[PDB]
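J.: Residue numbers (the entry's author numbering), protein chains in the order written: chain F, 323 to 525, 544 to 553, 575 to 581, 595 to 601, 656 to 686; chain E, 323 to 526, 547 to 554, 575 to 580, 595 to 600, 664 to 686; chain D, 323 to 526, 544 to 554, 575 to 581, 595 to 605, 623 to 688; chain C, 323 to 533, 542 to 557, 570 to 586, 592 to 691; chain B, 323 to 700; chain A, 323 to 532, 542 to 555, 570 to 582, 594 to 602, 614 to 631, 645 to 688.
We treat Cβ as the ideally placed atom computed from N, Cα and C, and that holds for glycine.
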Amino acid sequence: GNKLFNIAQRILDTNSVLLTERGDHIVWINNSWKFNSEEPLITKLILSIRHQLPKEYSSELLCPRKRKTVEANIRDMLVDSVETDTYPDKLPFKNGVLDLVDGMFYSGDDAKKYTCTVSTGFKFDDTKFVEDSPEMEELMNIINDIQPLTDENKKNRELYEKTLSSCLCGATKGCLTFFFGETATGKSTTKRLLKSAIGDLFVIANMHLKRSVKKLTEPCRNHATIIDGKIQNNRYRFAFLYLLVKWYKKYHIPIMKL
Amino acid sequence: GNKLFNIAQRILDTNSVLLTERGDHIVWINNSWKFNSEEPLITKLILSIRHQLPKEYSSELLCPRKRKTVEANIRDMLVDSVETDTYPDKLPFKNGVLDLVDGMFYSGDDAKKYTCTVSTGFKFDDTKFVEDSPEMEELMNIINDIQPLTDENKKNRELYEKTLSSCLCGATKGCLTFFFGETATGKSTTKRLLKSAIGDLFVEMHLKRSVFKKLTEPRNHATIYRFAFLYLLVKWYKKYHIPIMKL
Amino acid sequence: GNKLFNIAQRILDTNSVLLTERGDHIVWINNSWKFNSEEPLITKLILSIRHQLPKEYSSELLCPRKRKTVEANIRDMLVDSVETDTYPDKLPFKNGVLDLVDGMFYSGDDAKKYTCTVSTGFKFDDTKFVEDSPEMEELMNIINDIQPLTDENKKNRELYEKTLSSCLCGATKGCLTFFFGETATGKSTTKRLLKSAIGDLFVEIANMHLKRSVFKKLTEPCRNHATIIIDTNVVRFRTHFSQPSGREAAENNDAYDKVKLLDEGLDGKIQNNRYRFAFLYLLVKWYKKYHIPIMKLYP
Amino acid sequence: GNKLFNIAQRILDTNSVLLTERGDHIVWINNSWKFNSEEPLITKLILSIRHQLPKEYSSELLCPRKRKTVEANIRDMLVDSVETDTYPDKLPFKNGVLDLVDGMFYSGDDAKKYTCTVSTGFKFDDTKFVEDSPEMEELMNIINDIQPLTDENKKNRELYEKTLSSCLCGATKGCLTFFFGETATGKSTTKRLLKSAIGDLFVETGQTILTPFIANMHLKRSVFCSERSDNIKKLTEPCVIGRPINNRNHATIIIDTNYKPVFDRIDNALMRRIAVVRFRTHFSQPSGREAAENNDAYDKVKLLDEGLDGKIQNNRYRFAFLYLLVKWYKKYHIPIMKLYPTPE
Amino acid sequence: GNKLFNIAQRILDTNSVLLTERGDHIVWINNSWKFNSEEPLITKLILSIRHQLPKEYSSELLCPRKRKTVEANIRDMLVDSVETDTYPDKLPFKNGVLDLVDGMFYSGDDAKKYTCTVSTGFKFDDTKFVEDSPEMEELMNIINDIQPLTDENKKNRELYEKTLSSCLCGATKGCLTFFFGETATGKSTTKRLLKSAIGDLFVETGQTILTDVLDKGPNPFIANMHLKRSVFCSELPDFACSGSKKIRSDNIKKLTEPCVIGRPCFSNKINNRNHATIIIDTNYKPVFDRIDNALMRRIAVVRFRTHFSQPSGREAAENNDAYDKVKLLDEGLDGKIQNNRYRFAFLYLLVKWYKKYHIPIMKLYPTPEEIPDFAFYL
Amino acid sequence: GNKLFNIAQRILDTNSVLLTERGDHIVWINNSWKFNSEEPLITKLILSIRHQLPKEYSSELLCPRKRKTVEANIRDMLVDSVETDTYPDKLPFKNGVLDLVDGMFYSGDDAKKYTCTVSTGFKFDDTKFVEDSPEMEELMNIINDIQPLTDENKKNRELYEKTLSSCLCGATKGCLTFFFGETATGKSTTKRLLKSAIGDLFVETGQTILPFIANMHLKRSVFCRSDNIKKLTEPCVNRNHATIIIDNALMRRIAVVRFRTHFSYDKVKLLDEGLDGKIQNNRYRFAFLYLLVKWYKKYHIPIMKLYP
Ligand SMILES: Nc1ncnc2c1ncn2[C@@H]1O[C@H](COP(=O)(O)OP(=O)(O)O)[C@@H](O)[C@H]1O
Ligand SMILES: Nc1ncnc2c1ncn2[C@@H]1O[C@H](COP(=O)(O)OP(=O)(O)O)[C@@H](O)[C@H]1O
Ligand SMILES: Nc1ncnc2c1ncn2[C@@H]1O[C@H](COP(=O)(O)OP(=O)(O)O)[C@@H](O)[C@H]1O
Ligand SMILES: Nc1ncnc2c1ncn2[C@@H]1O[C@H](COP(=O)(O)OP(=O)(O)O)[C@@H](O)[C@H]1O
Ligand SMILES: Nc1ncnc2c1ncn2[C@@H]1O[C@H](COP(=O)(O)OP(=O)(O)O)[C@@H](O)[C@H]1O
Ligand SMILES: Nc1ncnc2c1ncn2[C@@H]1O[C@H](COP(=O)(O)OP(=O)(O)O)[C@@H](O)[C@H]1O
């Protein structure tokens with residue numbers, strides 16, 4: 323056939339570009355399913371796949387007028403859409419995906435099979451998701467101070483942990499939990515802690549695919599659960669992420685329900 | 323005279339592209355009458371149909387700038403509009419159209435003639451639409467639990483079956499059905515079961551075949664487990680709505 | 323000298339494309355003046371007229387890049403705006419324009435002279451505009467039940483006929499006509515009959548433009597061709630139409646004077662357009678009885 | 323040099339395309355200064371002017387891509403703007419300009435030095451602008467039946483004539499005029515006659531002006555308001583504030604009312620911008636005629652014709668009223684133009 | 323090398339095109355720093371400077387596709403922003419710049435140094451900016467009619483002189499000025515005289531900028547009053563009746579800052595340089611929401627006294643105490659003002675007034691003694 | 323291969339064009355990180371870099387149709403977003419960056435590492451940032467006139483200098499501040515002095531706040570419902597570096624300094653009619669910048685916090 327057509331065919335065969343019902347063309351570059359419905363991110367992918375093609379097919383794509391032909395060819399081959407965020411027990415990081423059934427981290431093509439268009443926005447450092455460090459004990463202490471562990475507060479702590487641990491699911495939640503409290507009881511502190519824990523999955545048009553923010578209990595797509657100085661430096665991030673994963677694995681194994 | 327016009331004529335001879343009174347072009351790719359106004363799919367159909375054209379006409383379609391010329395020729399050749407969604411006794415699934423009176427499942431070219439724009443949403447699997455399944459037993463039990471075949475639920479059962487089977491027709495319904503009752507009776511359960519049955523043809547209204575004097579006016597088709668409840672619905676249609684559809 | 327300018331001049335010779343005061347290029351294809359201020363229809367016209375020009379001129383129109391050249395030449399040669407819908411005594415169908423005053427229906431080039439952009443939305447069936455058919459007699463019975471030809475109802479009947487026939491003129495009406503009456507009297511039956519009769523030129544301010552029928576500011580030409601009709605619960626209505634259960638609702642109240650039997654099947658046999666061309670014949674017949682010299686409605 | 327640049331230079335030297343202080347490029351074709359900010363109207367002129375250049379510079383212009391080059395050069399050569407509509411005593415028709423002070427219809431190059439970016443919207447036939455015609459007598463009878471020339475109706479008749487004829491200048495009218503009268507006496511008849519006569523230079527607007543309907547009334551000579571104090575103080579100045592932010596007010600404001608108007612604020616400043624003409628000749632239907640003469644709010648009663656509006660909308664009484672307007676104009680507005688208020 | 327890049331560099335050398343802080347590219351054609359943020363005006367300049375280049379560098383600019391290239395190069399060669407209209411004491415006409423310090427005229431490169439993007443909107447004729455002319459004498463007569471040179475009117479006349487003179491300099495005035503007067507007194511006459519004298523450096527606005535939260539939504543009444551040296555806001559009705567919005571006080575301090583905040587229709591440029599002499603044409607005493615000393619140092623007033631009326635109303639206007647003198651109303655005066663007959667004489671008079679009153683520094687003073695509530699607060 | 327691709331690679335290897343998290347591209351020309359979301363500013367960088375490449379690569383950039391190919395290649399070779407204005411304690415001028423920690427001024431590549439986009443709006447004159455100069459003594463004269471160095475108002479004076487010196491950093495403050503005072507008290511004099519000192523990092527917006544937010548992004552000082574107060578002291582509202601100067616939670620979010628001396645109260649002084657004229661022209665700009673830097677390195681060197 324044609325060189326600029328075989329290049330598009332070979333790029334498509336790698337399943338690096340996909341089409342989603344919102345009309346979006348999700349692109350796989352830098353180990354994250356990216357998308358931007360304002361300018362073609364595909365051309366970035368034809369430029370990236372350059373070190374994945376034969377030599378005769380590699381020098382062709384060093385021309386921006388030749389990375390629009392292949393982009394159009396690719397855009398005209400995506401005739402059938404692909405479902406997104408099929409798996410709820412998955413956490414997308416800027417370098418892979420994390421499974422909440424056993425708490426390990428995938429990277430590269432291992433995270434490609436789990437189509438997660440949205441992401442937490444930051445990389446998952448390996449030597450921070452540890453059991454103990456000079457951040458775990460202080461986090462545990464402040465969590466106890468905010469939400470005491472006593473008998474009359476035991477059920478309150480249980481529902482509290484169940485509510486924050488729910489802010490990882492990829493499915494919609496049909497239940498509401500109230501955050502009633504007096505002045506200066508740490509609500510903003512927990513808000514910032516959870517924001518540091520997940521990040522981009524935290525904020544009606546903007547809250548798409550977000551996992552936390575009768576009309577806000579319907580499947581349509596939303597997944598959100600509706601509810656100092658050494659925080660913005662992003663220190664308690666991985667410790668609180670470990671706590672959230674532990675609470676999820678302790679409370680949300682079989683069925684997700686609030 | 324012109325290869326890129328002979329190709330357009332051959333593509334239009336297959337009746338794959340039609341024009342709809344909204345001024346919009348609907349196309350036929352992978353067994354679905356799709357349509358879009360932001361990224362027209364006429365080029366998608368051009369690049370899809372190359373296999374059905376001769377070799378000399380197939381090598382010319384492998385080019386994005388030679389595929390916006392055939393698209394221009396085709397769009398310039400569609401002068402008059404065509405009507406969509408005429409047949410009322412059809413069920414459009416993502417892989418064909420199923421007849422209600424006949425009950426035979428159509429797929430591919432046989433499904434093209436019935437211009438069914440709105441689809442059920444989900445693909446239809448042949449080896450699930452059976453009368454003997456583990457799920458259909460429990461579905462029948464649930465149906466009997468929601469409403470029994472008792473003395474006070476004989477004519478109510480008839481109206482229930484008639485109204486439920488009515489949510490399969492492309493015509494305009496002539497009556498409204500109410501669901502007055504107490505909590506935990508089967509209202510929302512039946513709502514979710516019907517949603518799982520007829521899929522996309524459901525809103526909780548343009549060509550939507552179910553919605554939960576102005577309503578009973580012509595466009596709208598509304599009546600204001665995917666293979667067992669569907670079997671029960673088609674059976675109810677074959678008991679109730681055979682010669683004429685009325686509510 | 324320049325083939326794509328000779329082609330543009332020749333296409334302009336046929337007077338197929340016109341420029342409107344609104345800025346929209348009306349186009350003549352498929353016996354209807356279609357226009358669209360979102361995409362130029364002119365290129366479809368250039369492609370369509372291909373089978374009229376010499377063989378050398380025709381082969382240059384199988385090239386979409388040589389058709390925007392012709393369209394650009396044509397658009398640069400159209401300076402004189404041409405008024406639309408100047409003739410009010412015409413009813414535009416999808417295959418031409420019917421003349422109400424005389425009675426025949428024009429088609430093809432004959433309908434081009436009457437620049438009629440809006441149309442009825444449905445084709446004009448030739449063998450349906452007939453005085454006698456198994457549907458005009460039942461329809462006339464429907465009027466007789468709704469509006470009997472009694473001495474007291476004679477004035478009502480004439481006013482009803484005049485108002486119904488007035489929804490066929492492209493002029494501007496200067497009178498509001500009411501549909502006063504009680505419930506189940508045949509108003510909405512008349513509305514359904516009218517919708518089946520005329521079709522697209524029926525609405526139930545910008546949207547209500549260039550329409551002939553619709554359901575002091577509304578009675579001025581500034595365009596507005598609509599016959600404004602208001603339904604309230623003045624052509625008065627008496628013959629309430631009762632049901633079988635309303636059979637026993639048919640002998641006390643003087644808001645009515647007659648109670649024919651309800652016919653639930655009738656309503657259905659309207660949207661099917663069973664009484665369509667019968668109604669067109671009745672409207673036209675009535676029209677060339679009150680508005681032949683001049684069309685006017687008396688307040 | 324470049325051939326298309328020579329073509330553009332020649333076209334620019336015939337003064338056929340002009341640049342205004344609004345961003346619009348006004349084009350001169352069909353004896354009219356048109357403008358439209360949706361299409362490069364200049365690219366029409368390049369074709370139309372084609373029958374003025376030598377044969378060498380003619381066959382080139384049969385190419386749409388060689389008239390975007392010529393237009394690009396032209397738009398690059400119009401460095402200076404030109405003031406437009408500085409001549410008030412001219413009436414522009416779609417085929418010429420009528421000079422009112424002598425009533426002469428200029429066409430072609432003669433009707434070009436008077437830049438007129440807004441026209442009446444129709445052509446001006448020479449062999450209808452005459453004083454001897456049956457339509458002339460019909461229109462004169464209608465006008466006499468509307469405003470009789472009797473002794474008690476002299477000053478009002480003069481005000482009516484002055485106000486009607488004043489909707490022919492491009493000057494700024496510093497006054498307001500009412501058509502105060504009871505229903506069905508001829509105010510809408512006068513409105514339709516004026517619309518048929520002066521055509522496009524006539525706009526009807528809603529009551530929100532009196533209490542984006544101000545941006546469209548730009549360069550219109552007559553604004554009729556059928557059916570707030572400072573609105574009057576805003577509407578009689580050459581530059582009125584309106585955004586679709593300043594518009595030139597060449598408009599005579601006529602207001603159609605049925606009762607005595609009541610204003611929000613009454614002061615000595617408002618009475619010097621107001622004028623009223625009374626309508627006293629009711630035209631009632633023959634069935635209801637006997638109920639009109641007994642009424643005291645009117646003075647005369649006549650027969651209400653039915654086809655009059657039909658023939659008026661058909662623009663049959665157009666040039667007769669144009670002649671009447673010109674004749675009135677060359678009786679009060681020749682030395683200067685000024686609208687005199689009448690507080691009483 | 324490249325021929326088109328050499329052309330672009332030569333054009334850049336002559337300092338004809340410039341880049342402004344607003345992001346707009348200003349050009350230099352026909353001795354006027356014109357700019358237009360809807361078309362790349364630069365492409366006109368490339369043609370106009372065609373004669374200022376050698377023969378080989380001239381024939382390359384008779385090709386609009388070859389002038390788009392030069393325009394692109396110029397847009398890619400101007401990396402540094404410039405601040406325009408820095409010199410305040412300059413009056414830009416359509417054919418040069420008049421310096422107010424001593425009143426000579428400049429053209430060409432002499433006037434190019436002062437990058438005044440705005441202009442008055444009309445050409446400047448040399449043999450009219452004189453001291454002896456029939457138009458000058460009659461203009462002096464009508465000005466003395468508007469403001470008599472009496473001792474009772476002496477302070478008012480002098481402050482009127484200064485206020486009119488201030489509408490020539492490009493500084494930022496911090497004192498609002500009122501034109502309190504009764505109907506038919508000359509406020510609109512002075513307004514039209516200014517409009518004929520300074521032309522473009524003059525806009526009209528509605529009372530909205532005085533009674534409105536002038537930040538919500540797109541407001542083009544503020545985005546137009548940028549670099550204009552005189553702003554007129556007529557139509558101030560009385561506030562005694564219902565439905566009248568009092569003049570919002572903070573707007574007075576808002577309008578006297580060196581920058582004004584406002585957004586036009588669908589734009590993000592909220593800052594506009596405020597060189598305007600905000601002058602209010604009113605009829606009665608203005609009333610604000612709250613009166614204080616912070617608002618008291620931004621308000622100056624001039625009373626207009628001599629009335630104009632035809633003999634029909636002369637008897638009724640003579641006995642009115644709201645006036646002090648009555649003169650015969652002229653009918654063709656508006657006609658001979660709207661045709662700019664009184665333009666250059668008034669411009670010369672304004673220049674003389676500025677040279678006599680504002681030569682050392684430019685500053686304005688308030689006159690808080692002519693308002694009842696203001697006087698009570700004293 | 324391709325010459326334009328190699329040119330784009332060489333341009334990127336110098337790290338002059340970056341892609342920010344907002345989706346916009348920041349460009350390093352004339353010792354300033356300039357960005358503008360209305361046209362590609364990359365092409366200006368392509369033409370500026372022209373005197374850095376091999377002479378065979380330089381003649382290819384004298385062509386606007388070949389400076390859009392290089393820009394296109396660059397636009398597809400920036401796949402990783404980069405955060406902006408990480409360094410709080412740096413003051414960006416149109417010709418470099420001043421390091422507030424010690425007081426030295428960097429320029430060129432030395433100021434390229436500090437990716438701070440919003441500059442002050444002017445250049446840094448080397449021979450004016452001096453402690454002694456015949457425009458400085460008058461500056462602390464007028465400052466002491468505005469705020470006398472009295473023991474009674476010493477707390478007010480230290481609060482004043484602490485709050486005004488805080489308008490130089492990219493950190494987020496968590497408390498509103500007010501300049502509530504009487505008429506003719508130097509409040510707008512302080513506003514204009516600060517505007518001369520910092521320039522672009524200074525925005526004035528009406529009381530609608532109390542697109543008017545979309546412009547005050549990365550600005551280090553701004554001027555002018571308690572819910573909006575609770576919304577205006579957060580790291581995001594659009595970044596929030598502004599030192600906003602115009614229940615218990617409201618109590619810990621409000622700081623006000625009360626001006627005392629009046630000019631034409646505790647002391648009445650004489651008005652200076654020419655003071656504004658010699659303030660708008662930025663006469664005291666660099667002397668006040670020096671004073672602010674001195675106050676900063678005297679007060680905020682260990683950590684930044686504005687206690688109420
Ligand atoms: N364990 C803890 N150690 C230190 N500070 C704490 C702890 N728990 C709560 N706080 C303080 O309590 C405050 C919570 O107030 P916050 O919930 O933000 O009030 P509001 O939401 O009304 O502004 C935080 O500023 C935090 O510093
Ligand atoms: N066969 C059945 N009969 C009754 N209830 C059922 C049956 N199957 C499931 N249910 C459960 O009982 C509930 C019935 O509630 P329903 O009648 O829908 O009213 P609501 O949803 O408002 O409570 C459902 O939530 C459903 O989960
Ligand atoms: N002669 C008739 N033929 C057929 N149907 C009739 C006749 N008379 C009455 N009907 C029926 O009676 C009904 C009258 O209702 P209608 O008068 O339209 O109610 P409303 O006036 O409130 O709109 C119609 O639906 C019509 O079908
Ligand atoms: N001179 C005349 N002779 C006969 N009929 C007239 C004459 N003038 C007007 N008419 C008729 O009388 C009617 C007058 O209505 P009009 O006064 O316009 O109503 P309104 O003033 O309430 O808008 C018109 O329809 C017109 O046909
Ligand atoms: N000597 C004069 N100088 C200026 N204007 C005069 C003079 N004599 C009469 N006038 C008249 O004054 C009118 C302008 O005053 P006007 O616009 O009514 O002021 P305002 O609108 O502020 O009341 C002009 O129409 C002019 O004819
Ligand atoms: N210490 C001072 N010495 C001299 N003049 C001063 C002093 N303080 C203030 N001023 C004068 O006061 C004016 C500023 O007043 P300002 O505080 O802005 O009042 P407001 O804030 O009410 O507008 C300046 O023009 C300045 O000349």
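Kindly list the residues whose CB is nearer than 7 Å to the CB of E691/B, restricted to its own chain and excluding five residues on each side of it in sequence; keep chain order.
T.: Taking the first residue of the fifth sequence as 1, we reach residue 691/B at position 369. Hits under 7 Å: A697.
J.: In the region 384-400 of chain F, which residues sit with their C-beta less than 7 Å from some C-beta in chain A, listed in chain order?
T.: For the region 384-400 of chain F, which is checked against every Cβ of chain A, the residues closer than 7 Å are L384, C385, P386 and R389.
J.: How far does the alpha helix (DSSP H) with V673/B in it extend, from its first residue to its last?
T.: Counting from one through the fifth sequence, the residue named residue 673/B turns up at place 351. It spans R665 to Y679 - the alpha helix (DSSP H) in which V673/B sits, taken as one unbroken run.
J.: With a 10 Å radius around its C-beta and 16 neighbouring C-beta atoms as the bar for buried, classify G508/D as buried or exposed.
T.: Against the third sequence, residue 508/D aligns to sequence position 186. Answer is buried; the Cβ neighbour count reaches 16.
J.: In chain order, what residues of the region 651-666 of chain B put their CB closer than 9 Å to some CB of chain C?
T.: Listed in sequence order: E653, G654, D656, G657, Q660 and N661.
J.: Identify the contact partners of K513/D in chain C, using a Cβ-Cβ distance below 8 Å as the criterion.
T.: In the third sequence, the residue the question calls residue 513/D occupies position 191. Per Cβ cutoff of 8 Å: no residues; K513/D is ~29 Å from chain C at best.
J.: Using a Cβ-Cβ cut-off of 9 Å, state whether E378/F counts as contacting chain A.
T.: To locate residue 378/F, count along the first sequence from 1; it is residue 56. Not one chain A Cβ lies under 9 Å of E378/F.
J.: Please report how far the alpha carbon of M618/C lies from the alpha carbon of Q660/A, in whole angstroms.
T.: Taking the fourth sequence and counting its residues from 1, one reaches residue 618/C at position 271. Taking the sixth sequence and counting its residues from 1, one reaches residue 660/A at position 280. Using only the alpha carbons, I get a separation of about 49 Å.
J.: What does the Cβ neighbour count give for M426/D, buried or exposed, with the cut at 16 atoms within 10 Å?
T.: For the purposes of this step, residue 426/D is identified with residue 104 of the third sequence, where counting begins at 1. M426/D should be labelled exposed.
J.: Whole angstroms are fine: how far does the CA of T604/D sit from the CA of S429/D?
T.: Locating residue 429/D in the third sequence gives position 107, counting from the first residue. Locating residue 604/D in the third sequence gives position 232, counting from the first residue. Looking at the two C-alpha atoms, the distance is approximately 40 Å.
J.: Counting C-beta neighbours from all protein chains within 10 Å, is the total for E474/C 16 or more, i.e. buried, or is it exposed?
T.: The sequence position of residue 474/C within the fourth sequence is 152, counting from 1. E474/C comes out exposed.
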